[PDB]
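# my sequence and its experimental structure, below.
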Amino acid sequence: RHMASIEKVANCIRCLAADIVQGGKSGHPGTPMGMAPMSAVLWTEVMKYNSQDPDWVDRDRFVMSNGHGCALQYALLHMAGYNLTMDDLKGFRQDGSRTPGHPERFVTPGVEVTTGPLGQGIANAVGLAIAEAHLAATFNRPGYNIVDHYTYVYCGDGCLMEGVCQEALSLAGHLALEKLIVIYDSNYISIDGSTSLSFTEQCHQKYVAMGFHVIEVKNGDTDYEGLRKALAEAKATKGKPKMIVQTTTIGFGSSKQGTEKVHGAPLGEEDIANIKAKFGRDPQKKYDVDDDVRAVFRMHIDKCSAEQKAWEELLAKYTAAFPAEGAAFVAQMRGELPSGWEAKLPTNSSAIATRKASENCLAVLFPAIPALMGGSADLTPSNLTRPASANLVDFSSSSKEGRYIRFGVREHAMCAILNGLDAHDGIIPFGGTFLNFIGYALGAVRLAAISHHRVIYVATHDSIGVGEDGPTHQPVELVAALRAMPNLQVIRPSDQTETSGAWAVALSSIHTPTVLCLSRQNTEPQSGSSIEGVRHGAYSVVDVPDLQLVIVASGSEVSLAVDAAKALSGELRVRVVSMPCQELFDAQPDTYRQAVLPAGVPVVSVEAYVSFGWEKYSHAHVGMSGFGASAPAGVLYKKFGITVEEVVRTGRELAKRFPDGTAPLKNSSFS
Amino acid sequence: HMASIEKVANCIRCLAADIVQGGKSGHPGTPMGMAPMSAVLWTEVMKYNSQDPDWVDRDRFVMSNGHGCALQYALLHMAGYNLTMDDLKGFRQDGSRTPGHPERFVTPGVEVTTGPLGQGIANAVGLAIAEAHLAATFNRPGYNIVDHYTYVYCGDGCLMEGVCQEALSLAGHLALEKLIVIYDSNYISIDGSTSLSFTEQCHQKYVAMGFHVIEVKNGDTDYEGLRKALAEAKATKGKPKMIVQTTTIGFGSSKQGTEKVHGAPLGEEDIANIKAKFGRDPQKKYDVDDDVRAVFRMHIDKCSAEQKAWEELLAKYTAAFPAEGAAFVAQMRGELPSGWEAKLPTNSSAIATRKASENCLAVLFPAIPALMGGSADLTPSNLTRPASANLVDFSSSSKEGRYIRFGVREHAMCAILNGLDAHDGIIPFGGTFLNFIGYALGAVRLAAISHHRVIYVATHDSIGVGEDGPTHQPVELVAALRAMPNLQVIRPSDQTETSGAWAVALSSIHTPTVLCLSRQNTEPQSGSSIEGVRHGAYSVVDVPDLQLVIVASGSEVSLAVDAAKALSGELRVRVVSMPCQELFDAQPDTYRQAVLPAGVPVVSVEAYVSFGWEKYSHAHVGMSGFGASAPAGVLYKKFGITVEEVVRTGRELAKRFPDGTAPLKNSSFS
Ligand SMILES: Cc1ncc(C[n+]2csc(CCOP(=O)(O)OP(=O)(O)O)c2C)c(N)n1
Ligand SMILES: Cc1ncc(C[n+]2csc(CCOP(=O)(O)OP(=O)(O)O)c2C)c(N)n1
Ligand SMILES: [Ca+2]
Ligand SMILES: [Ca+2]
């Protein structure tokens, strides 16, 4: 029944964090010890959450952007009563534990997104805040405040130095995300040592200039009243995102506090013993949480638990007065798609750019899938991600119900924000940009793959087809890179029908991110295209019995393969295989793959990209050998030898070299 | 006659408009908006010689907002550079010297290749660092042989990119006083008004970053203000400068001030009206008044005299400082002092290749004075600052320092390395964890495209990282870098190969190199050799009439060697070390055939995904997905990257494809 003082709670946190890192013989004790005071106040007095229900949809979201200090989050999750035991803590950074080196979504209860790569968390948080603001504007009604929570995000010096972070904070300021509260742990230390070695900005002046309401707590090591007031002011102030700048001593309490030595290595048994004694704690007991400290957390959680119950009742009344909205709310938060959407997608007609084919799909999808939310990185009129017929409204501080986000020229932040939007629940996010600049955001793309986020990237201008912009704008090696990436779908549709198929696949992939590679130039529609085919990854668009050659292609090059096949009609019986998504094809059973790419039959692949990686399917490739050039698309295709005649010549030589079932077996056949 | 500054600017505007119109593609907006500032900068302030684009002490000019390159092409022509009116008429056309975006080497006077937003600014920071460092290294009392400014144009898009923000942050921290950023603020982007996604108080923001911000409220017609801004910029010391000029995109056009003039030809009619509005002939295109040309010529004559005087100063300097003079000339040519390779370390004890790299740098730093490196806040992990080198950090108070603390800014670091290389006199390298090179692919791609000699010291190359987990363990990045044209990805197995890797990187004048280094110790191989690394792949363990080949790289070579020994009684096995696939593919067919003979089954071993290995091996022992959080040793067993797994795979392969029946690889019959 006795309640520990806020200081006792803070010191308990500091020590548990230290023991966690020590037990793992690896980790970062520094930051966790420095942010303990703020965490104590935040987790036992301010933040709204239920440790018995991590899935409560109206809970405040918490994100630790400086993921290396996750020992702190694990300690807090345990003390608060989440399903994370002392055994989990003792398994820190060890094989198969629920407590890996950096926060991982799904691995640990209470962790919203996976961080570690600096700057990502901050951008994820911006996405989490955008989601709350948009859903509140969409579902809230007079007398029914069913969506109302804050987004709290910890970050360090490392985070602020990263461009992805600067991009996100910039957009957050512009969007005036008032419920976003960034807690910046300023302790003047990084791996190299003092921050003055490479980072000396007037942060307060800087973030105010970016539209942030900055609140300083000069002594974040012991000023509990300051910490309390800072959070209260942050919640009270409106119209701007907040940034609480607390000045703290990294590794506070340790003999090596305030130095880079406590950044990423265990403090050691002796130093830990002195730290405990210094705080008046037993220097002999490890992983020891006082029962009166647990009582403080329990009292807080009981209050929030009551809030949830009260919230559940409100949603019940809400659902009664608004049957339809209630059903939608429940449906969106589950990520369910209104039925009948796929059948509404467009099919081939006139020759158009798959870029336009994507727009035609969004013209149908926006109205059919209210959860859909997306935008472009200042390439709206180029990516064609905002169909006029959809009558879209831009998301802004003055129109939070808007569904189109103007990301500005911020590819990296855009992709990281998409992860945040997905992590929230109730949103199906997509973002557009030129395929070549997805390279600017591979840091976020990788995390979408690791965290199993359903995010969609509308990547237009996918090749030399771009034309005049030149080599710096023409991808030739990026698709290969994305294809090497685990759990990532890279779909390159050939026409309207395959494009609708691509969106269908992207939308139904609940745990896999998808890159839609779209062309700038028109492509000729194929009569053999189908959504069912796209779902299989690869399939025949042109078949013939007892085939002597297979020509596999994707996107804008399928027409070349088809024409090449015609030109070879009299000589060879050629099958043309459209392969929009290699990841889906590889996942098909052996019998299906054997039926598409029969062993022993020579295969020629055609794609305006480098050949790297194609050896797993073809015996010869007609594509790029280097970077592009500045000239009209048509000129570039002839220039680089990516033509029908070249395909015909290559197919002819292959058939000649490997006649009747003698084509070299590929690794997949005997693997 | 001497055209007034306004006539010069209007001439620039019209030529840019005709250039874009002639290509039936391009961006006329920004070019027209920055004509006024350009007229002043190029005919009154900037020091350069159009008759000698290679003059080493010339001011540098970068157009970070590369889409508006029509402006730079117009300026280069009017200034007298080797770019004719025909080149201009070839704008955005096949094989012309005037591509859609500035391309290094393709056009005279273009310092770096821009197009991808934010890169130009970062490059400029690198150019400014190089100048400051070279000045501190070579200047002597009375001998100011290195002294020039770095001018860089940028727009709203540039300032929104993280790589730009990272670079400006470091520029402010380093107090690069000779860096002058000219920011064209016209409140317009592709989507339209900047108020749709960009509303920062730039003045206060950049002052907070350490910049001296100068504003020119009317950059469309206030020439006195423009002249004053540049003058103030040159006079103000201790901080980089950002001149914020407010202009009207497409000034003069009927669609001025709108996104419509952003990236589409103005049209024949609007162009005619623009000329008439400026008192110019609405019928003549690509027309440069002779009095405007005389203005540029007068300026170039002066700068030309400055170069000659500079050449004389360098001659006196060389007479008073024989050694330094020789070094200056040599460095500016990118020449390496002889004897450096022979000093590199060879195998000894088992150490991480990360440590092996440090041992190399301990020799290279003192042997190659032009060498300048740093790490993205990972110095104690990348081991890029060998204590014996007695290095000093580059800072505003120590410009002669050779080590750069980039902070947690991988992207800007890489773009800055490109800028350092573009300047001349510097051999740059930057370090960070391999996994985060992924944050900098934008700049890495341009190093490959522009043929920059930059070296990336990328440590913690795999699950060898251990405890940090999947977010820090690369499994797919190397494949991505291998797919990239003109990029060398070297993964040395031990000290000797690591010395070979550095040798290759340092001698590749036109190709960037990524050094994939291990965190954990690796076992040295008696078969390793520098000659082998230069060949990409070579046998480290050979046997006559082989039945199986095991190819591997980096820390996995020891697994292949041990697997080979384990198979001793069963199969005749050759072990191939493949530290660099790019160099191997470049070898003649006879050499490749000799290393990986056709018909012989091949097993590759590497702690990365298999994507791409099919071009060499018939089976792969490596990663099938992302990593996990646990000690390295535990991870290798967990994922099956062990000697027993290699032995088991080699056995099944030799069994399935005995004596010459192994499937032929594409390269063999290609
Ligand atoms: C993108 C990225 N680059 C580099 C790293 C390596 N790294 C981990 S923590 C860190 C610096 C930590 O500094 P900071 O955020 O200031 O806090 P500290 O824990 O030292 O207080 C770095 C560079 C990383 N995790 N992510
Ligand atoms: C990294 C990157 N992302 C996107 C683009 C596409 N792009 C080219 S220009 C531009 C708009 C930039 O506008 P700005 O520099 O503000 O000036 P304007 O010419 O419209 O005045 C965009 C988004 C690009 N070139 N590079
Ligand atoms: Ca810090
Ligand atoms: Ca602009």
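That came in fine, so what should we check first? Numbers count the residues shown, from 1 in each chain, chains lettered A, B, ... in the order given. Ligands and ions are numbered 1, 2, ... in the order given.
# residues in contact with residue A:438?
A:411, A:415, A:445, A:457, A:459, A:478, A:482, A:515 (CB atoms under 8 Å, 6 or more residues apart in numbering or on different chains). For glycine as for every other residue, the C-beta is placed from the backbone atoms N, C-alpha and C.
# the helix or strand harbouring the fourth one - contacts with which helices or strands?
Using DSSP states H and E, the secondary-structure element containing residue A:457 is strand A:456-460. When contacts are defined as 3 or more CB pairs under 8 Å, 6 or more residues apart in numbering or on different chains; DSSP states H and E, strand A:456-460 sits against helix A:354-368, strand A:372-376, helix A:380-383, helix A:411-424, strand A:428-434, helix A:496-508, strand A:514-517.
# out of these, which comes closest to residue A:220?
Among these, the nearest to residue A:220 by CB to CB is helix A:411-424 (25.7 Å).
# got the contact list for the residue in the stretch 201-350 of chain A that ligand 4 sits nearest to?
Closest contact between the stretch 201-350 of chain A and ligand 4, by CB to the ion, is at residue A:210 (18.3 Å). Going by CB under 8 Å, 6+ apart, residue A:210 touches A:169-170, A:173, B:200-201, B:205.
# ok, residue A:311 next?
Applying CB under 8 Å, 6+ apart, the residues near residue A:311 are A:56, A:58, A:146.
# how about stretch A:424-433 and chain B, any contact?
No. Stretch A:424-433 stays clear of chain B (CB under 8 Å from any CB of the partner chain), getting no nearer than 11.1 Å.
# pull the CA atoms of that stretch into CSV?
The C-alpha trace of stretch A:424-433 is given here as CSV (Å, rounded to 0.1, in the frame of the first residue of the first chain):
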residue,chain,number,x,y,z
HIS,A,424,-1.1,3.0,-35.7
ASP,A,425,-4.1,1.0,-37.1
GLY,A,426,-6.9,2.3,-39.2
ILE,A,427,-4.8,3.5,-42.1
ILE,A,428,-3.7,2.0,-45.4
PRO,A,429,-0.7,4.3,-46.4
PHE,A,430,1.0,4.8,-49.8
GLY,A,431,3.6,7.3,-50.9
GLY,A,432,4.8,8.3,-54.3
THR,A,433,8.1,9.4,-55.8
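# sorry, back to before: between the contacts of residue A:210, which sits nearest ligand 1?
When these are compared for distance to ligand 1 (CB to the nearest ligand atom), residue A:169 comes out closest, at 14.9 Å.
# need the three-state assignment for that closest one.
With DSSP: H, G, I helix; E, B strand; the rest coil as the basis, residue A:169 sits in helix.
# how close does it sit to ligand 3?
As judged by CB to the ion, to the nearest Å, residue A:169 and ligand 3 stand 17 Å apart.
# dump the residue contacts of that residue.
Residues in contact with residue A:169, defined by CB under 8 Å, 6+ apart, are A:122, A:126, A:182, A:207, A:210, A:212, A:241.
# of all the residues you listed, which two lie farthest apart?
Farthest-apart pair in the contacts of residue A:169 is A:126 and A:207; separation 13.8 Å (CB to CB).
# residue A:448 contacts residue A:415, doesn't it?
Yes. Between residue A:448 and residue A:415 there is a contact under CB atoms under 8 Å: 7.2 Å.
# please say which of these two ends up with more neighbours.
Neighbours were counted for residue A:448 and for residue A:415 using other CB atoms under 10 Å in any protein chain shown; residue A:415 has more, 32 against 26.
# mutual contacts of residue A:448 and residue A:415, please.
Joint contacts of residue A:448 and residue A:415 (CB under 8 Å, 6+ apart) are residue A:455.
# any buried residues in the longest helix that chain A contains, and which?
Secondary structure of chain A per DSSP state H: the longest helix is helix A:291-321. Residues A:293-294, A:296-298, A:300-301, A:304-305, A:307-308, A:311, A:315, A:318-319 are the ones in helix A:291-321 that count as buried (16 or more other CB atoms under 10 Å in any protein chain shown).
# please apply the same query to stretch A:16-29.
Across stretch A:16-29, burial judged by 16+ other CB under 10 Å covers A:16-24, A:26-29.
# next: stretch A:146-165.
Within stretch A:146-165, the residues scored as buried using 16+ other CB under 10 Å are A:146-147, A:149-165.
# also stretch A:498-508?
Quick answer for stretch A:498-508 (16+ other CB under 10 Å): A:498-507.
# taking those, tell me the two that lie furthest apart.
A:498 and A:507 (14.8 Å).
# for the closest residue to residue A:633 other than its chain neighbours, which residues are in contact?
Of all residues not flanking residue A:633 in the chain, residue A:467 sits nearest, at 4.2 Å (CB to CB, 6 or more residues apart in numbering or on different chains). Residues in contact with residue A:467 (CB under 8 Å, 6+ apart) are A:520-521, A:631-633, A:636, B:25.
# can you tell me the element residue A:397 falls in?
With DSSP H and E as the criterion, residue A:397 is inside neither a helix nor a strand.
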